């Protein structure tokens, strides 16, 4: 079925106005995304922080348009060590962070440009492009090792400051999180291994799935659709892009959105409103 995201709630559970708007977008090709007008949409969304995944663009090749952003002038990027048109993330912020770091501090998992950590006054923001398990599940063994190192890293982070994690986590947690769960139980993104790890991630850190916390029974809300088979026109998709929050931020949570109608990738953007 087709999905309509409800209007933005911009007041917190205590009536306080949202002060921080974070948008996250797996652009799947930063340069093509910009050519497909992605930055225009960004300028109208006007986030305070913009997190990008699957940029597929080395630092040298960053399009000129990106410095034309004066509302997101503090920009951080991470590309793979050696694979050239692969993976990649970026973090653009209105205000300068206190401290920015790349990767999770584990050599094996910090070579594919997947993680940026940005520390702000009252929280830490992580954006991540989690490794796909791969066609025929060839990288599933590696993915399970990623899941554990990433969980352990995030647990340490969240022990020192409240944590926001966003981006393409490359799993649909539960059957409500994709249109065809039955046919996908042996495909990347919906293996029991990947689903288990996501559950362990929520419990171990701990983290809450912002969108599920507010809309725990809302079906057909997805963030990705294959380019093939006209999937997006039929809303045959997966919810792969999340905002995961420390529990102590839940009273700061105003809304967690899915921007279904913004085009330019095979993912749509998602947006978090917090009252900090």
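Residue numbers count along the first chain shown, from 1.
Participant: Which is higher on average in the deposited entry, the C-alpha temperature factors of 67-75 or of 101-109?
Facilitator: Taking the mean C-alpha B-factor of 67-75 and of 101-109, the larger value falls to 67-75.
Participant: So, looking at the entry's B-factor column for Cα atoms, which has the higher mean, 227-235 or 22-30?
Facilitator: The recorded data point to 227-235.
Participant: For the listed 214, 51, 42, 245, which has the peak Cα B-factor recorded in the PDB entry?
Facilitator: The C-alpha B-factor peaks, among 214, 51, 42, 245, at 42.
Participant: Highest Cα B-factor in the deposition, which of 128, 176, 157, 137?
Facilitator: 137 has the highest C-alpha B-factor of those listed.
Participant: Please rank the C-alpha B-factors of the chain's modelled residues and tell me whether residue 181 sits in the lowest, middle or highest third.
Facilitator: For residue 181, whose C-alpha B-factor we compare with every modelled residue in the chain, the answer is the middle third.
Participant: Consider only the C-alpha atoms of the modelled residues in this chain, order them by B-factor as the entry records it, and name the third containing residue 191: lowest, middle or highest.
Facilitator: Middle third by C-alpha B-factor.
Participant: Could you say whether, by C-alpha temperature factor, residue 60 belongs to the lowest, middle or highest third of its chain?
Facilitator: Highest third.
Participant: Which third, lowest, middle or highest, does the C-alpha temperature factor of residue 87 belong to within its own chain?
Facilitator: Middle third of the chain for residue 87's C-alpha B-factor.
Participant: In terms of the chain's CA B-factor thirds, is residue 142 lowest, middle or highest?
Facilitator: Residue 142: CA B-factor falls in the highest third of its chain.
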